[PDB]
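One structure is given below, encoded as structure tokens.
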Amino acid sequence: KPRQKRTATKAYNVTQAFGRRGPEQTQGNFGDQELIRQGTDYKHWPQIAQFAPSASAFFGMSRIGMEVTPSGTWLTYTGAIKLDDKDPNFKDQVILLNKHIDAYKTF
Amino acid sequence: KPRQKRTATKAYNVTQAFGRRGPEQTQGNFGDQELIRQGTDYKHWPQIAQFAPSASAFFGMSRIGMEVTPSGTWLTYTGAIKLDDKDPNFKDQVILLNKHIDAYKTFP
């Protein structure tokens, strides 16, 4: 499957699907050891997935570019998604996201 | 519905769902007049949507951050998706994406 359409699971985990976590610009930085090993089987995956954009929102919210780099042709994307501070789950969402952002620095 | 889960259509279009296209740091820049007014009702939407990430890939591929500002708490993301230059359709994919990237600069 094209990288962007892959779904990580225990049998095909985040490292297998999307590479090792890291700081480089072509690397993903999200996930602690449990999420990396479990993918969408992770016990709190639906709480993470609620922030992932629909296809319409991905192209509607993001700043999209197209670049030729020494590795080939890339569609770039950047943006920001607001957390709903009136969601009763807000504080646990903050804790959950903090547990996974740049978690690889500690393993 | 939270912004990131909206689906734009003719009845609820890209501007209404995601704001006017423009140059600013967290403003969307993608779509010509046809896509803006049609959203996923756009006749060639599937050829754009093939590049959109799954939820797992979004959090697998992207650089994710969190920012706290006077407007609230924001989940930031950056990344890149590789185009398959060996796909016979590659030239048409590039043409389609280029038609929409920064298209707003050419119309009010």
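The way I read the labels, and the way they are meant: chains A, B, ... in the order of the structure tokens, residue 1 as the first residue of every chain, and ligand 1 as the first ligand shown, with later ones counted on from there.
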Surrounding residues of residue 51 in chain B excluding itself and chain neighbours under 2 positions, 12 Å, only C-alpha atoms, as number ranges by chain: A: 1-6, 54-56, 58-59, 64, 74-77; B: 45-49, 53-54, 57-58, 80-84, 93-94, 96-97
Considering only C-alpha atoms, extract the chain B residues located within 6 Å of chain A and return them as a ChimeraX atom specification. /B:4-5,7,18,26,28-29,49,52-57,60-63,73-83
Hey, can you spit out that residue selection with N, CA, C and O atoms as an mmCIF file, in the first residue's frame?
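Saved result, selection_7.cif, follows:
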data_model
loop_
_atom_site.group_PDB
_atom_site.id
_atom_site.type_symbol
_atom_site.label_atom_id
_atom_site.label_comp_id
_atom_site.auth_asym_id
_atom_site.auth_seq_id
_atom_site.Cartn_x
_atom_site.Cartn_y
_atom_site.Cartn_z
ATOM 1 N N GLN B 4 -11.506 19.124 11.980
ATOM 2 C CA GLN B 4 -10.711 18.111 11.310
ATOM 3 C C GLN B 4 -11.540 16.935 10.819
ATOM 4 O O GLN B 4 -11.026 16.130 10.033
ATOM 5 N N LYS B 5 -12.800 16.803 11.248
ATOM 6 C CA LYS B 5 -13.647 15.722 10.756
ATOM 7 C C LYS B 5 -14.699 16.186 9.760
ATOM 8 O O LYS B 5 -15.543 15.380 9.360
ATOM 9 N N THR B 7 -16.514 17.211 6.283
ATOM 10 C CA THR B 7 -16.439 16.846 4.872
ATOM 11 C C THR B 7 -17.128 17.948 4.080
ATOM 12 O O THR B 7 -18.337 18.156 4.230
ATOM 13 N N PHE B 18 -13.829 25.266 6.087
ATOM 14 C CA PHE B 18 -12.416 25.403 6.423
ATOM 15 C C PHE B 18 -11.883 26.820 6.263
ATOM 16 O O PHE B 18 -10.675 27.024 6.397
ATOM 17 N N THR B 26 -1.438 29.275 9.133
ATOM 18 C CA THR B 26 -2.340 28.170 9.454
ATOM 19 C C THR B 26 -3.655 28.301 8.688
ATOM 20 O O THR B 26 -4.701 27.791 9.104
ATOM 21 N N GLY B 28 -5.581 27.502 5.055
ATOM 22 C CA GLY B 28 -5.471 26.584 3.930
ATOM 23 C C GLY B 28 -5.188 27.327 2.638
ATOM 24 O O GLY B 28 -5.656 28.442 2.425
ATOM 25 N N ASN B 29 -4.417 26.692 1.747
ATOM 26 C CA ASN B 29 -4.081 27.309 0.465
ATOM 27 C C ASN B 29 -4.518 26.468 -0.727
ATOM 28 O O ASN B 29 -4.204 26.824 -1.867
ATOM 29 N N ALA B 49 -8.022 12.737 -3.208
ATOM 30 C CA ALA B 49 -8.135 12.002 -1.948
ATOM 31 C C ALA B 49 -7.157 10.839 -1.849
ATOM 32 O O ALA B 49 -6.839 10.410 -0.731
ATOM 33 N N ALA B 52 -4.534 11.683 0.601
ATOM 34 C CA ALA B 52 -4.847 11.996 1.986
ATOM 35 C C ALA B 52 -4.462 10.834 2.899
ATOM 36 O O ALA B 52 -4.696 9.674 2.559
ATOM 37 N N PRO B 53 -3.891 11.119 4.072
ATOM 38 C CA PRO B 53 -3.452 10.047 4.980
ATOM 39 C C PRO B 53 -4.595 9.429 5.771
ATOM 40 O O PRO B 53 -5.536 10.111 6.183
ATOM 41 N N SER B 54 -4.501 8.119 5.977
ATOM 42 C CA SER B 54 -5.296 7.449 6.997
ATOM 43 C C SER B 54 -4.969 8.034 8.369
ATOM 44 O O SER B 54 -3.964 8.706 8.542
ATOM 45 N N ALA B 55 -5.839 7.767 9.353
ATOM 46 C CA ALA B 55 -5.563 8.235 10.712
ATOM 47 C C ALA B 55 -4.234 7.693 11.215
ATOM 48 O O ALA B 55 -3.433 8.421 11.812
ATOM 49 N N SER B 56 -3.994 6.405 10.995
ATOM 50 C CA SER B 56 -2.750 5.791 11.446
ATOM 51 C C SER B 56 -1.543 6.421 10.759
ATOM 52 O O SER B 56 -0.515 6.682 11.403
ATOM 53 N N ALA B 57 -1.646 6.662 9.446
ATOM 54 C CA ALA B 57 -0.549 7.271 8.702
ATOM 55 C C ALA B 57 -0.347 8.729 9.096
ATOM 56 O O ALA B 57 0.790 9.215 9.136
ATOM 57 N N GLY B 60 1.484 8.446 12.117
ATOM 58 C CA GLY B 60 2.676 7.654 11.891
ATOM 59 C C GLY B 60 3.755 8.397 11.133
ATOM 60 O O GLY B 60 4.947 8.224 11.405
ATOM 61 N N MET B 61 3.347 9.223 10.173
ATOM 62 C CA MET B 61 4.262 9.900 9.262
ATOM 63 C C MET B 61 4.608 11.317 9.686
ATOM 64 O O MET B 61 5.674 11.822 9.313
ATOM 65 N N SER B 62 3.726 11.981 10.421
ATOM 66 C CA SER B 62 3.854 13.415 10.601
ATOM 67 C C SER B 62 4.751 13.739 11.784
ATOM 68 O O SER B 62 4.950 12.935 12.700
ATOM 69 N N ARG B 63 5.287 14.945 11.754
ATOM 70 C CA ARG B 63 5.880 15.542 12.938
ATOM 71 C C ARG B 63 4.764 16.260 13.683
ATOM 72 O O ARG B 63 4.160 17.198 13.146
ATOM 73 N N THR B 73 -5.275 25.457 22.819
ATOM 74 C CA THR B 73 -4.269 24.418 22.676
ATOM 75 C C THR B 73 -4.386 23.812 21.283
ATOM 76 O O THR B 73 -5.476 23.397 20.869
ATOM 77 N N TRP B 74 -3.268 23.778 20.563
ATOM 78 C CA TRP B 74 -3.244 23.397 19.160
ATOM 79 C C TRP B 74 -2.320 22.208 18.943
ATOM 80 O O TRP B 74 -1.182 22.193 19.428
ATOM 81 N N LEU B 75 -2.806 21.235 18.183
ATOM 82 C CA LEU B 75 -1.992 20.123 17.714
ATOM 83 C C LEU B 75 -1.424 20.508 16.352
ATOM 84 O O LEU B 75 -2.177 20.692 15.392
ATOM 85 N N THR B 76 -0.108 20.658 16.269
ATOM 86 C CA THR B 76 0.525 21.052 15.018
ATOM 87 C C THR B 76 0.992 19.815 14.269
ATOM 88 O O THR B 76 1.319 18.788 14.871
ATOM 89 N N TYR B 77 1.002 19.909 12.943
ATOM 90 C CA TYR B 77 1.492 18.793 12.148
ATOM 91 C C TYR B 77 2.236 19.286 10.917
ATOM 92 O O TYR B 77 1.863 20.297 10.312
ATOM 93 N N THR B 78 3.303 18.573 10.565
ATOM 94 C CA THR B 78 3.951 18.744 9.269
ATOM 95 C C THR B 78 4.325 17.373 8.730
ATOM 96 O O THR B 78 4.544 16.423 9.481
ATOM 97 N N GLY B 79 4.424 17.282 7.414
ATOM 98 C CA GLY B 79 4.883 16.040 6.832
ATOM 99 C C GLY B 79 4.987 16.174 5.329
ATOM 100 O O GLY B 79 4.810 17.256 4.755
ATOM 101 N N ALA B 80 5.309 15.053 4.696
ATOM 102 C CA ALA B 80 5.313 15.008 3.242
ATOM 103 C C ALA B 80 4.939 13.607 2.789
ATOM 104 O O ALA B 80 5.258 12.608 3.448
ATOM 105 N N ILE B 81 4.229 13.554 1.673
ATOM 106 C CA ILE B 81 3.774 12.305 1.074
ATOM 107 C C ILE B 81 4.442 12.170 -0.287
ATOM 108 O O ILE B 81 4.395 13.100 -1.097
ATOM 109 N N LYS B 82 5.074 11.022 -0.533
ATOM 110 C CA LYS B 82 5.818 10.839 -1.774
ATOM 111 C C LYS B 82 4.880 10.527 -2.934
ATOM 112 O O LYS B 82 3.995 9.675 -2.822
ATOM 113 N N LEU B 83 5.075 11.220 -4.049
ATOM 114 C CA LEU B 83 4.380 10.896 -5.282
ATOM 115 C C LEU B 83 5.156 9.806 -6.005
ATOM 116 O O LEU B 83 6.391 9.811 -6.007
#
What is the CA of residue 41 in chain A-CA of residue 89 in chain A distance in Å, reported with one decimal? 20.5 Å
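CA of residue 33 in chain A to CA of residue 103 in chain A spans 8.0 Å [interatomic distance, one decimal].
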When DSSP works through the backbone of this structure, what residues of chain B end up as strand (DSSP E or B), shown as an NGL selection string? :B and (9 or 12 or 30 or 63-69 or 72-82 or 101)
Could you please write out, as number ranges by chain, every residue of chain A that DSSP assigns to alpha helix (DSSP H)? A: 14-18, 33-38, 45-49, 55-61, 90-100
Close residues, residue 103 in chain B itself excluded, 7 Å, only C-alpha atoms, min 6 positions apart in chain, as an MDAnalysis selection string: chainID B and resid 30:32
Just write the chosen residues, C-alpha atoms, as a PDB file, in the first residue's frame.
ATOM      1  CA  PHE B  30      -5.497  24.387  -1.542  1.00  0.00           C
ATOM      2  CA  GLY B  31      -8.249  24.576  -4.136  1.00  0.00           C
ATOM      3  CA  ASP B  32      -9.316  26.417  -7.256  1.00  0.00           C
TER       4      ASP B  32
END
At what distance in Å, to one decimal, does CA of residue 22 in chain B lie from CA of residue 106 in chain B? 11.1 Å
